[PDB]
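This report refers to the structure that appears directly beneath it.
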Amino acid sequence: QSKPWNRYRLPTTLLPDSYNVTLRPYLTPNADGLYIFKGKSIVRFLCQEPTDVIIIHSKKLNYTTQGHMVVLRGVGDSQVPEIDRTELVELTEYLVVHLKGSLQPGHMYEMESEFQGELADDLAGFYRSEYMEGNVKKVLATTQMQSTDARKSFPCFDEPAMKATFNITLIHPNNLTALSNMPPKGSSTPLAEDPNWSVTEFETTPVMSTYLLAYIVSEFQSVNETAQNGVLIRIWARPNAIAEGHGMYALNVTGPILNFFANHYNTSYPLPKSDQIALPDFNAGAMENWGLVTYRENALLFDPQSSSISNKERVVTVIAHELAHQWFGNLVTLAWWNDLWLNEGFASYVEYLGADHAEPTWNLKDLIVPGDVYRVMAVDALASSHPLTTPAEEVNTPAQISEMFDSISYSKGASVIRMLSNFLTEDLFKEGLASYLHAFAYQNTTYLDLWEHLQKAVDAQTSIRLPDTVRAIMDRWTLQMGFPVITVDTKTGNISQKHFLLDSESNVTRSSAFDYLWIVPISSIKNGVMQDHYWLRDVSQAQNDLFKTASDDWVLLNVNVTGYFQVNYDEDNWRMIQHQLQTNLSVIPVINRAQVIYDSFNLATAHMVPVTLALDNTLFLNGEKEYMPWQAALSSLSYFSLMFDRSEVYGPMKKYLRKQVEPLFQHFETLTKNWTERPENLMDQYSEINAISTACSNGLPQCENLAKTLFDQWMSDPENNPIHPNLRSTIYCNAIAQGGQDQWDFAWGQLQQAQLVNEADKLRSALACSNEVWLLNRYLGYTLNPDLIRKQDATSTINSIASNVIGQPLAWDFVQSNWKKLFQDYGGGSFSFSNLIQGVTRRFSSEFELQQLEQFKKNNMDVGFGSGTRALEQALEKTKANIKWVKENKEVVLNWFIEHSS
Ligand SMILES: *[C@@H]1O[C@H](CO)[C@@H](O[C@@H]2O[C@H](CO)[C@@H](O[C@@H]3O[C@H](CO)[C@@H](O)[C@H](O)[C@H]3NC(C)=O)[C@H](O)[C@H]2NC(C)=O)[C@H](O)[C@H]1NC(C)=O
Ligand SMILES: *[C@@H]1O[C@H](CO)[C@@H](O[C@@H]2O[C@H](CO)[C@@H](O[C@@H]3O[C@H](CO)[C@@H](O)[C@H](O)[C@H]3NC(C)=O)[C@H](O)[C@H]2NC(C)=O)[C@H](O)[C@H]1NC(C)=O
Ligand SMILES: *[C@@H]1O[C@H](CO)[C@@H](O[C@@H]2O[C@H](CO)[C@@H](O[C@@H]3O[C@H](CO)[C@@H](O)[C@H](O)[C@H]3NC(C)=O)[C@H](O)[C@H]2NC(C)=O)[C@H](O)[C@H]1NC(C)=O
Ligand SMILES: *[C@@H]1O[C@H](CO)[C@@H](O[C@@H]2O[C@H](CO)[C@@H](O)[C@H](O)[C@H]2NC(C)=O)[C@H](O)[C@H]1NC(C)=O
Ligand SMILES: *[C@@H]1O[C@H](CO)[C@@H](O[C@@H]2O[C@H](CO)[C@@H](O)[C@H](O)[C@H]2NC(C)=O)[C@H](O)[C@H]1NC(C)=O
Ligand SMILES: *[C@@H]1O[C@H](CO)[C@@H](O[C@@H]2O[C@H](CO)[C@@H](O)[C@H](O)[C@H]2NC(C)=O)[C@H](O)[C@H]1NC(C)=O
Ligand SMILES: *[C@@H]1O[C@H](CO)[C@@H](O[C@@H]2O[C@H](CO)[C@@H](O)[C@H](O)[C@H]2NC(C)=O)[C@H](O)[C@H]1NC(C)=O
Ligand SMILES: *[C@@H]1O[C@H](CO)[C@@H](O[C@@H]2O[C@H](CO)[C@@H](O)[C@H](O)[C@H]2NC(C)=O)[C@H](O)[C@H]1NC(C)=O
Ligand SMILES: *[C@@H]1O[C@H](CO)[C@@H](O[C@@H]2O[C@H](CO)[C@@H](O)[C@H](O)[C@H]2NC(C)=O)[C@H](O)[C@H]1NC(C)=O
Ligand SMILES: *[C@@H]1O[C@H](CO)[C@@H](O)[C@H](O)[C@H]1NC(C)=O
Ligand SMILES: *[C@@H]1O[C@H](CO)[C@@H](O)[C@H](O)[C@H]1NC(C)=O
Ligand SMILES: [Zn+2]
């Protein structure tokens, strides 16, 4: 038999009841420059099955406990066995307490320890974060337990189902504020041994998972609101950020969001208070710690004076996402990491619902389609994809756990759950969801538990009828990878499904229990009129008159793309759809106007329609005012720009896009009153942003003029920037492009003195738009100077230069030549050679450029490629694919653009 301390999963012989944890960060280094934290903990646990060994998680902790690493006591009048020895097993991250006798079933024990670890700047466990206020480097102490890092802060049974209550105490400098999951018990008191420190105890948590604990010591201040029901709401940030009002939007939306979810979940917010904190350079983005959610600054803070509308959208949705978890994930927790998709998928879906409550005019629910659905289909339409579900017994190590957090989990998770809610109807979905939350509150679940509760709700009504059980249906979408293309022959109404792969030559080797057949919910509209709903059963082919048309009619499947699939038609039907969009576009829902474009380009890639059919699907856009369909086109064509923008194809492409976008440009010119005032709602602001971007980058003289006027204006009065934050990135870029070193030097100055990251980002990126070789090269010369360009921004800046058709050869030469600086930057901070390689080689699409990539690889003898080693092979393989796609497409595409550019 194997020794349990060499297994990655904990025994089930002992379960925790409750913990006391006292942590003390030392925010002053020890002289060799080491930061530490000290801790003391007691865990009370119950013996379920007799055992002579206590196995608990511990990671990078030194123990200073008197005697062995722990002291062990009986609770009440329980006797305790003597300890034989305590040992640390690093691989499985265990503290192992060998006893001289056995613990007894039904008895409770208390295990006490004293310990310390590094308070490292490593964003893991209890860690430090350094940042600037004026001339002073500030250091705060914060946490990130997700997923398996609670054990790095104190010894604990560190699996999500082993829930317990926690009594947290922080010992901290007396002028700093201490925060945790729960409110403080009362006022802090001086530490007797050194009154320069204070002691803050927090109220007992509810029964909860280790990965959701948080505790923070900082100088941060807050804005506050007390909801009607007494729930205290705070936004925490740097003193200067709070003073500038940058927390106000977050504060504005939080209350409405929490209220939405309490109703949505039919369950009261389970905590006395809600803290949200903006952390500078929090690389994890956001973390849903129960009652103390952490965010990176740019995710939580908003500056009205400098920030675009998309910045506002990012804030409200990120908040909605993390707050969703305060019920789904935190109150009811998935028993194991193999089910992470359900948790993350669920939040990734309802983030739109919660945000929609806060901003009900913005139509935010739509954004899941571009943002998650089409995003994840790009990777789920590969042979190298994977099922949402993973057997629990395959997910053991901290590395395997981390692999759970990917695109499939979040975005497909969101997509399939949204499909589910839609085919059940939302009211039914909510009833099952409430039932599930009430049944399992403060406990753990698998996805089968959710299915079971949804089934209960289905079985309790008569109106919604399904072709099979909730499980059986969802099994098709969760146990196998990928998704079907549904193809309709409208002459007969024959309808088929096959596993959709972008690469029509690809070999799938992952087998499916279902032979890649799905049970598919199919909505459809015929001549602008909703039809009866239809289910494709697990068959390759079927027939229904729902999908059979006359010659003047059209049909269109998957209304609003609720279903996780793409749709192809016979050419006649495609043409009727096209005719419709050409003559009265408003007959077809805006999301579907986008879909037509998204799907057909994917179908063209897969060789299932000709590419010209996809391009025909953009012809209607000259009368399209709305954001989404235009965004579908821009996303689908960016590859065409990337392949062709150095070729004869490019002039007719530009000309075609100029023709298409001119009327939209004109529309907004009037609507915005000569560009003085933005459109009202989000979608229209977005459409305007894209229209100006598209107009300018394609050389519409009117947009070019606008950019010069505004940038000249700004330059004549630097302190009063006349350019609305929504339009900044285009106007900066186009105007630098048009100009010389005057514009360039001016924007360089602004960059150097910018206080706000986002504005710095815009400037950095616009500077790459110059059409002077000498400026781009000089600029390249700065990117490795950490005085002029932050290191974490160097490869980004190089990529932006590479993106400039003129800066392509300059960047490539620069990367080649200074590659001999992996050995400055695999050592001194990561660097992401991987993203740099992809960026600078993205364009490569000929034999000659392939020969160059090869010849550059012949610098294998030493230096190698570091974290970009795999990227470089991807590059050579992507280039081969580009070579092949350009030979197949260049002629057909050139002539289509010539033909349609007037
Ligand atoms: C986990 O932390 C809890 C909070 O520190 C502990 O509970 C507290 O124990 C204290 C003493 O052990 C009690 O404080 C006072 O101490 C005096 C000492 O002279 C005692 O007489 C008193 O009982 C007590 N105060 C009063 C008003 O009587 C606290 O009563 C108590 N706090 C609580 C219960 O909220 C837990 O003991 C500790 N857990 C373990 C396993 O050690
Ligand atoms: C947890 O305990 C670890 C093992 O006891 C500590 O790791 C040791 O850190 C020492 C530095 O504190 C290093 O030893 C020497 O330190 C002296 C002065 O600090 C220096 O003169 C030497 O350069 C250094 N010796 C060497 C060979 O570098 C040890 O490197 C290191 N030992 C091991 C086995 O890793 C941790 O510091 C300690 N952590 C905490 C938070 O308490
Ligand atoms: C958090 O919510 C607050 C309350 O809803 C918002 O406060 C609103 O700020 C608006 C922008 O500053 C103000 O709108 C207009 O500002 C112009 C500029 O001077 C004035 O001419 C207008 O008179 C004024 N509004 C009106 C209706 O005349 C609002 O005054 C103000 N609304 C309220 C109710 O106080 C915050 O904007 C919001 N914070 C963020 C970051 O979104
Ligand atoms: C954490 O604090 C809580 C709340 O004070 C402690 O809960 C008490 O537990 C004791 C001993 O089990 C019971 O007698 C009390 O009735 C509990 N009080 C409440 C309000 O539940 C809990 O024991 C503490 N945890 C640890 C490990 O000491
Ligand atoms: C908390 O107290 C510490 C110690 O007095 C203050 O930290 C000093 O701040 C000054 C600037 O005012 C620096 O020049 C010192 O080097 C700091 N010392 C240390 C160890 O950081 C700190 O400013 C106080 N913070 C608050 C919010 O009151
Ligand atoms: C959970 O939902 C139930 C059902 O809507 C709520 O209870 C209903 O509340 C309405 C509101 O006036 C009453 O008229 C109904 O008679 C109630 N139905 C039942 C079965 O009691 C309940 O308020 C919700 N709970 C939470 C915490 O949101
Ligand atoms: C994981 O969650 C399950 C429920 O999904 C917990 O099992 C329940 O425990 C409660 C309260 O102690 C009992 O009332 C139920 O009868 C149990 N349901 C079961 C066993 O199916 C289980 O305790 C949780 N696991 C851990 C380690 O806490
Ligand atoms: C639509 O589907 C039907 C089958 O369900 C196809 O009709 C069959 O054609 C085969 C040709 O070998 C005949 O042997 C069968 O007897 C036909 N079944 C009938 C007529 O009911 C038809 O070809 C399909 N048409 C499409 C996909 O355009
Ligand atoms: C398709 O999505 C659109 C939104 O893009 C839905 O239109 C919404 O309809 C509801 C009910 O009338 C209204 O609350 C919203 O005002 C509508 N928004 C807009 C922008 O029109 C439409 O309901 C969806 N269609 C289907 C069949 O689900
Ligand atoms: C897939 O197997 C086929 C055999 O039909 C082979 O021709 C092809 O090269 C293989 N690999 C790819 C990526 O197409
Ligand atoms: C276009 O269709 C919409 C929705 O069916 C309708 O209300 C509108 O009258 C139509 N417009 C024209 C110009 O026919
Ligand atoms: Zn999440």
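When the letters of the sequence shown are read in order and numbered with the entry's author numbering, they come out as residues 63 to 964. Each residue gets a CB set at the ideal place from its N, CA and C atoms; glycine is no exception.
Label residue i either buried or exposed according to how many other C-beta atoms from any shown protein chain fall within 10 Å of its C-beta, with 16 as the threshold for buried.
| i | result |
| --- | --- |
| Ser-759 | buried |
| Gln-559 | buried |
| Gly-890 | exposed |
| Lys-824 | buried |
| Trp-513 | buried |
| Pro-334 | exposed |
| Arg-905 | buried |
| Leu-362 | buried |
| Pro-787 | buried |
| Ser-573 | exposed |
| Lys-474 | buried |
| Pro-691 | buried |
| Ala-420 | buried |
How about residue i and residue j: do their beta carbons lie closer than 7 Å?
| i | j | result |
| --- | --- | --- |
| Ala-519 | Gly-494 | yes |
| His-169 | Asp-146 | no |
| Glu-176 | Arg-106 | no |
| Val-547 | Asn-630 | yes |
| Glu-834 | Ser-749 | no |
| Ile-557 | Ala-612 | no |
| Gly-930 | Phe-895 | yes |
| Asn-866 | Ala-830 | yes |
| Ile-650 | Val-431 | no |
| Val-582 | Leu-598 | yes |
| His-234 | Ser-260 | yes |
| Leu-934 | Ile-899 | yes |
| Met-543 | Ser-471 | no |
| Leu-354 | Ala-299 | no |
| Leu-564 | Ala-668 | yes |
| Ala-769 | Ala-797 | yes |
| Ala-226 | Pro-78 | yes |
Just grab the DSSP bridge partners of residue i for me.
| i | result |
| --- | --- |
| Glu-172 | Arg-106 and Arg-135 |
| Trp-597 | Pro-583 |
| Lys-770 | According to DSSP, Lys-770 bridges with nothing at all. |
| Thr-239 | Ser-280 |
| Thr-288 | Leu-294 |
| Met-270 | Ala-226 |
| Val-629 | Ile-548 |
| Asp-337 | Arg-296 and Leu-354 |
| residue 9 | Look at the range of the chain in this structure, 63 to 964, and you will see that residue 9 is not part of it. |
| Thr-205 | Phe-188 |
Checklist entry - Can you list the alpha helix (DSSP H) stretches of 4 or more residues lying completely in the segment 847-871, in chain order? => result 856-865, all fully within the segment 847-871.
Checklist entry - Which residue spans inside the segment 382-466 form an unbroken beta strand (DSSP E) run of at least 3? => result Within the segment 382-466, no complete beta strand (DSSP E) run reaches 3 residues.
Next on the checklist: Report the start-end ranges of each beta strand (DSSP E) in the segment 475-506 that is 3 residues or longer and not cut off at the edges.
Outcome noted: Secondary structure remark: continuous beta strand (DSSP E) runs of at least 3 residues inside the segment 475-506: none found.
Next on the checklist: My parser needs the beta strand (DSSP E) runs of 3 or more residues fully inside the segment 610-670; what are they?
Outcome noted: Here the runs fully enclosed are 617-619 and 628-631.
Item to check | Residues proximal to ligand 10 by C-beta, any heavy atom closer than 5 Å | outcome: Cβ atoms closer than 5 Å to ligand 10 belong to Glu-567 and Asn-569.
Checklist entry - Of all residues in the structure, which have a C-beta closer than 5 Å to any heavy atom of ligand 8, taken in chain order? => result Taking each Cβ in turn, the ones that pass are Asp-551, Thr-554 and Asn-556.
Checklist entry - In the segment 679-707, which residue ranges form an unbroken alpha helix (DSSP H) of at least 4 residues, counting only runs that do not cross its ends? => result For the segment 679-707, whole alpha helix (DSSP H) runs of length 4 or above, ordered along the chain, are 689-706.
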